[PDB]
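1. please find the sequence and an experimentally derived structure below.
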Amino acid sequence: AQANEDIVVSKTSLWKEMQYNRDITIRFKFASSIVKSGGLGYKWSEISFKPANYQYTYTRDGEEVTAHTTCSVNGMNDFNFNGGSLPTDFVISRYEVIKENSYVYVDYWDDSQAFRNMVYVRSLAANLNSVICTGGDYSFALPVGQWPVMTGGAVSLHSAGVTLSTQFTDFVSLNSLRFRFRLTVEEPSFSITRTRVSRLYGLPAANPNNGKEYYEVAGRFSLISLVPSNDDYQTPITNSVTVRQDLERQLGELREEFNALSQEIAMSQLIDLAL
Amino acid sequence: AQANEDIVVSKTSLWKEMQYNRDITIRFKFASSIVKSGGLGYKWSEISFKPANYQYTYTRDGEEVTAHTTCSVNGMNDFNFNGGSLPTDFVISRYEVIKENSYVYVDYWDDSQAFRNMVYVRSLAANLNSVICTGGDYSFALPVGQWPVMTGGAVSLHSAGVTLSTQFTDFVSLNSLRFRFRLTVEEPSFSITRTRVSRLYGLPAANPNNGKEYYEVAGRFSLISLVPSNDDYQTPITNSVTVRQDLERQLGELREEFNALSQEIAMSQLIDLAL
Amino acid sequence: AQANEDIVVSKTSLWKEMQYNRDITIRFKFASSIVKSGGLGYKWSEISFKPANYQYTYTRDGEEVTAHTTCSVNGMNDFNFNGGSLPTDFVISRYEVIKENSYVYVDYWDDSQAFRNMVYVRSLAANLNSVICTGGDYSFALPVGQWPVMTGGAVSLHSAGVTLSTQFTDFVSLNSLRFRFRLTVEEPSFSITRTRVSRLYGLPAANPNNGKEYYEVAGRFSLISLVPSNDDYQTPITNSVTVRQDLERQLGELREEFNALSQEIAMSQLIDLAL
C-alpha cells in the first residue's frame, strides 16, 4: 500500500465513505504576548502565550502540498516574581510556564483531498514522533541599570490523542485535525540571570522558538470521512471577518482620549517652553 | 413515550433522519461591560452588555449531562444622564437598558446525542416557562464624595420563537439551539440613588445578575436532524482562534505609545525629586 | 426557461442536487481605519482598510429579498510621506492604496433558497459587469496650520473568478459566495492638497466611498448544491461570539492604567488652582 493511499469503504449515489492514510510534516511555532506596565519600565504586566498560525509549503513524493498549522497551549501554570514595591525594582506580575499538567494543541490542515470537504470523521488515529522544545533568551530591556535575561528551558513533547478542530483566522476557516501533545520536563532549566531565581523546570513564554523558524515533527494519520461522490464539490474556506466591532469602538474611543491627553501634555510642555 | 427519547424516522445507506425530544435546564447568565472615561472619575463612557458564556454540568434522570449556554441581548435602549459639562459632576454618557422593544437571545448546547452532528434541523419547537430577572446593586466608585449606587429594575422574560445558532469561542465552536425571549416591565423600577431620576421601568446593564451565579429556566425541545447512521462520526468542536490580528497590532502600538508617554511623565515627575 | 430557476438535476432518499441560477444586486461598501498618533496631532500612524459589512433589502421581480454583503481588500500597497522629523510637520507613517497587483473580495449572501443550506457547491460560475470606485475628500484635522485634504483617486473594478467563503460577524454566520475583482487604474489620480505629492494613481484608503451610501454592481450566478430533499431543514446562521477574551483583558488593563494616569495628571493640574 502507498504511503498516501485513498480508498473507498462504501459508496451510495451522492455520498461515499472515503478512507485516507497519509504522511504529514507538522511545522508549527509558538508565539508570545508581552505586555509591559507603565511608569518607568521596571514592571511587566503579562508574559503569556498567543495561538499562532503558520502556513508553509512542503514537498510530498513528487507533489507540492501547501499546509496551514496553528499552535496553542492549555493548562499552563502562572508564576510571578516581585522583588519590591518601589518603581525601581524589576517585577513581573504574571508569566506563563509549561509542565506535565499542561498540554500543547496543534491544529493541522493541507490542500490535499483529505481536507477538501471534511466535516465528518471516524476511525481516527495517528502515529507521531516526539520532539524537544527548547526556550530561548529574552533580554528584559530595563530603562536603566542591569539587563536580566530569561534564558533556558527545555521540555519534550510526546504524542497523545487526536481529535478534530476548526482553525479560525481573518483569511481562511479550516476544518482541521487536532493533534495533542503532553510534556515531560527535560534537564535544561530556565533561569532569570542577575536575579534570585534558577533551577526550575519548564519552558518560558517569552522566546519559546529559540530563534527558530518553526518546530518540525513528522507524522501519519488515518481516517474515514464523508465526501460527495462527485469529485467537484467545494466547502467554503476563505473568510471576511468583522467580529468585535464593540472592541474596535472601545479602542477608537481610547485612542481619541489618549490623543487628547498627549495633546494636553505636549501643550503644557510647549507653554512651559515658550518664554 | 419517554422524556428523553431517540427515534429514527427514516434511514438511508449512510445518513438517517432521527427525532430528538428532550428536557433541558437552561442555566444562563448575563455579563456587563463598564468603561470609565479618564480625567478625574466622575465621567463614564459606556455601560453595556457583552455576550456571556457559562458552561456547567447538571443531572438528568440518572445521567450527568454537561451543558454550555451563552446569553446576549439585542435592541436595547441607550439612555444617558448628564448633570453638567464640568469635571466634577456625575455623568454617564450612555448606558443600556432592556425593555419590551428589545429581545434576549440564549444559545444552548449539551453533550448528548441531539447535538453531536447537528447541522440540519426541522420541526423545531420548544415549550419554555417564563421567569423574572432583577437588577443588581452597582456602587459607582467615585474618586471623592458620596457613592451613587444603581439599584433596582425587574423584567419578566417571556418565551418566544426558537431557532438555531452557533456559539463560537476561543476554545470551542458549537452548533447550538437559540431560544428567543421577549420582555415585559414589572413593578420594581431601577434608579440611581442621590440623583433626580426614578420610577422608570427596565433592567439596568450595570449588574443584571443580582449577584446570582446564574438564572435558571426549564424547558423542552423537539426536533428532527440529519445524522450519519454510523454513530461514530464527530463534527469539529474545538478551535484555535487568531481573529482580529490587525486589532492585536493596533493594541500593541497603543501600548507602546502609552508606555512611552508614561515614561516621559514619570521622568518629568522624577527630575523634580532630586534636591 | 427562467431568470431565477431552481432545477433538480438529481435526487435520492434524503439528499438531492439542485441547480440554482439567479440574478443579484451586489451593493457593497468600503471602510477605512484612520489611526492618529499621539503628540500634537501632525503625525498619523496608519490609514488602513477594514472588512466592511453592509446589509440591505432589495426588490426582485415581485419578490422582496434581504441581502448581506461584506467587502474586503488584499494585496494593498503601503505608501508613506514624511515632511520632517519635527512634531510640527504633517507626516503620514502609512496609508494604504489599491492598484493592479491587488484584488478586491466581495462576499455576498441572500435569504433565498440557494443559500439556506449551501455547504457544498460545484459548477460555480458568474457573469459580472464592471463599475467605477472613486475616492472622496478626507480633510486632516490639523490643530493649527493649513488643512491638507486627501482627494481624488479612481479605479475600475473588473470581474474575476468566483469561489465560496464564510462571512463571520458578531451576529450572523453566512456560507456566502465570494466574487473577486481585479483592478485597472483610471485617469483621476489621488492627491493630498497643499503638499508635494500629486499625479500618482490608485485609490485612497481615507474616503473610498466618495460620500456614497454604497457601490452597486449587478450580477448573475449559477451553481449546483447538495440540499436535503425535505425543503424544511435550516442551517445555523445567528451567533453569539466571545472571541479574544485575552484581548479584552489586555484592553481592560490598559484602560485601568490609562485612567490612573489621567487621574494623576488631572490632580497635578488641579492642585495649582488653589489661591
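-> That came in fine, so what should we check first? Numbers count the residues shown, from 1 in each chain, chains lettered A, B, ... in the order given.
2. ok, now which ones touch the nearest residue to residue A:187 once chain neighbours are set aside?
-> Nearest non-adjacent residue to residue A:187, counting by C-beta to C-beta, 6 or more residues apart in numbering or on different chains: residue A:154, 6.7 Å away. For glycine as for every other residue, the C-beta is placed from the backbone atoms N, C-alpha and C. Contact partners of residue A:154, counting by C-beta atoms under 8 Å, 6 or more residues apart in numbering or on different chains, are A:132-135, A:186-189, A:203.
3. need the residues you listed in JSON lines with secondary structure, can you?
-> Shown next, in JSON lines, are the contacts of residue A:154 (DSSP: H, G, I helix; E, B strand; the rest coil):
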{"residue": "A:132", "secondary structure": "strand"}
{"residue": "A:133", "secondary structure": "strand"}
{"residue": "A:134", "secondary structure": "strand"}
{"residue": "A:135", "secondary structure": "coil"}
{"residue": "A:186", "secondary structure": "coil"}
{"residue": "A:187", "secondary structure": "coil"}
{"residue": "A:188", "secondary structure": "coil"}
{"residue": "A:189", "secondary structure": "coil"}
{"residue": "A:203", "secondary structure": "coil"}
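4. which one of the residues you listed has the most neighbours?
-> residue A:203 (28 neighbours; other C-beta atoms under 10 Å in any protein chain shown).
5. that one reaches residue A:133, doesn't it?
-> Yes. Proximity of residue A:203 to residue A:133 meets the contact threshold set by C-beta atoms under 8 Å, at 6.2 Å.
6. so what sits against both of those two?
-> By C-beta under 8 Å, 6+ apart, the residues touching both residue A:203 and residue A:133 are A:154-155.
7. and the residue nearest to residue A:98 when sequence neighbours are not counted, how far from residue A:186?
-> Nearest non-adjacent residue to residue A:98, counting by C-beta to C-beta, 6+ apart: residue A:203, 4.6 Å away. For residue A:203, the distance to residue A:186 (C-beta to C-beta, to the nearest Å) stands at 9 Å.
8. give me the common contacts of these two.
-> By C-beta under 8 Å, 6+ apart, the residues touching both residue A:203 and residue A:186 are A:154-155.
9. is the residue of the stretch 51-200 of chain A found nearest chain C bridged to anything, and to what?
-> At 5.4 Å from chain C, residue A:173 is the closest residue in the stretch 51-200 of chain A, using C-beta to the nearest C-beta. Taking DSSP bridges as the rule, residue A:173 bridges to residue A:168.
10. looking at this, residue A:259 is in a strand?
-> No. Counting by three-state DSSP, residue A:259 is located in no strand; its state is helix.
11. next, count neighbours for it.
-> For residue A:259, using other C-beta under 10 Å, the count is 18.
12. that one and chain C, how far apart?
-> Applying C-beta to the nearest C-beta, to the nearest Å, the value for residue A:259 to chain C is 6 Å.
13. surely the residue of the stretch 51-200 of chain A closest to chain C meets residue A:240?
-> No. If you go by C-beta under 8 Å, residue A:173 and residue A:240 don't touch, sitting 10.5 Å apart.
14. give me the common contacts of these two.
-> Common neighbours of residue A:173 and residue A:240 (C-beta under 8 Å, 6+ apart) are residue C:168.
15. the stretch 151-275 of chain A: helices as residue ranges?
-> A:245-271 (DSSP state H, counting those that start in this stretch).
16. can you pull out the strands in the stretch 1-150 of chain A?
-> A:5-11, A:15-28, A:32-36, A:43-49, A:52-54, A:57-59, A:64-74, A:77-82, A:91-97, A:103-110, A:121-128, A:131-134, A:137-139, A:149-152 (DSSP state E, counting those that start in this stretch).
17. from chain B, how far out is residue A:65?
-> In terms of C-beta to the nearest C-beta, residue A:65 sits 21 Å off from chain B.
18. how many neighbours does that residue have?
-> 16.
19. how deep is the closest residue in space to it that isn't next to it in sequence tucked in, by neighbour count?
-> Spatial nearest neighbour of residue A:65, excluding adjacent residues (C-beta to C-beta, 6+ apart): residue A:110 at 5.6 Å. By other C-beta under 10 Å, the residues close to residue A:110 number 21.
20. what of residue A:228?
-> Neighbours of residue A:228 (other C-beta under 10 Å): 20.
21. identify the bridge partners of the residue nearest to residue A:115 when sequence neighbours are not counted.
-> Spatial nearest neighbour of residue A:115, excluding adjacent residues (C-beta to C-beta, 6+ apart): residue A:109 at 5.5 Å. Taking DSSP bridges, one obtains residue A:68 as the residues bridged to residue A:109.
22. so who does residue A:109 touch?
-> Residue A:109 touches A:67-69, A:115, A:167, A:174-177, counting by C-beta under 8 Å, 6+ apart.
23. re the thing from before, which residues does the residue nearest to residue A:65 contact?
-> Residue A:110 neighbours (C-beta under 8 Å, 6+ apart): A:24, A:65-68.
24. and it, how far from residue C:122?
-> 21 Å.
25. before we move on, the earlier item: list buried residues within the contacts of residue A:110.
-> A:24, A:65, A:67-68 (16 or more other C-beta atoms under 10 Å in any protein chain shown).
26. show me which residues of the stretch 101-250 of chain A sit near chain C.
-> Residues of the stretch 101-250 of chain A lying close to chain C by C-beta under 8 Å from any C-beta of the partner chain are A:117, A:119, A:168, A:173, A:228, A:230, A:232-248, A:250.
27. and with 10 Å instead?
-> A:117, A:119, A:168, A:170-173, A:227-228, A:230-248, A:250 (C-beta under 10 Å from any C-beta of the partner chain).
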